[PDB]
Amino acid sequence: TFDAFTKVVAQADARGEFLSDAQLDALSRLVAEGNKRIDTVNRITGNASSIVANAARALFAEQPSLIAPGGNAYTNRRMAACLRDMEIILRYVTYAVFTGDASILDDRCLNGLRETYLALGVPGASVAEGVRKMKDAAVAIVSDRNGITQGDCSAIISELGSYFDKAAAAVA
């Protein structure tokens, strides 16, 4: 996988050149925004259990057929597995925010999930709705101003949002 830093290094080494100032200044920006980045990771993690359960409750409420006898979430074993998947994706998204690159999420989580689901009969489109649920919840948690030093977090929130988007589209 890559860092926001190793990502740039790679692109540069492919050309045998040092980093261009436009590349050095792009990273100095991510460094200065650092605290906001660290706050985003902690806020989602501190609420992970609620982000998952609530996002799951909504899903089943709008798609009852999932929990009707006949599954695919109907057994207790698969209901557990489904909850697990939601936790897994959310965990991998925080990894992306923490490193500042999607490689971690794409390379170890999303890659091959659309097909792994297809081969099992799990409704990938449903998983996409669950991921979107968590995105909104997570975004709102990150946007909350109560109990933090005020500032403009818009960049970090849009980046965060795109990772969730990648998770959705990867199984849509």
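One-based numbering along the sequence shown.
Could you settle it for me: does 105 to 113 or 54 to 62 have the higher average Cα B factor in the PDB entry?
Mean CA B-factor is higher for 105 to 113.
Higher average CA B factor in the deposited record is what I'm after, so tell me if that's 68 to 76 or 88 to 96.
It is 68 to 76.
For the C-alpha B-factor as written in the entry, point me to the maximum among 44, 131, 137, 119.
Highest CA B-factor of the listed options: 119.
Go through 23, 162, 11, 150 one by one and give the residue whose Cα B-factor in the PDB entry is largest.
Answer, based on the entry's C-alpha B-factors: 162.
What third of its chain's C-alpha B-factors does residue 38 belong to: lowest, middle or highest?
It belongs to the lowest third of the chain when residues are ordered by C-alpha B-factor.
State the tercile, meaning the lowest, middle or highest third, of residue 127 with respect to the CA B-factors recorded for its chain.
CA B-factor rank for residue 127: middle third.
Would the CA B-factor of residue 142 place it in the lowest, middle or highest third of its chain?
Lowest third of the chain for residue 142's C-alpha B-factor.
Among the chain's modelled residues, which third holds the C-alpha B-factor of residue 32?
As the PDB entry reports it, the C-alpha B-factor of residue 32 lands in the highest third of its chain.
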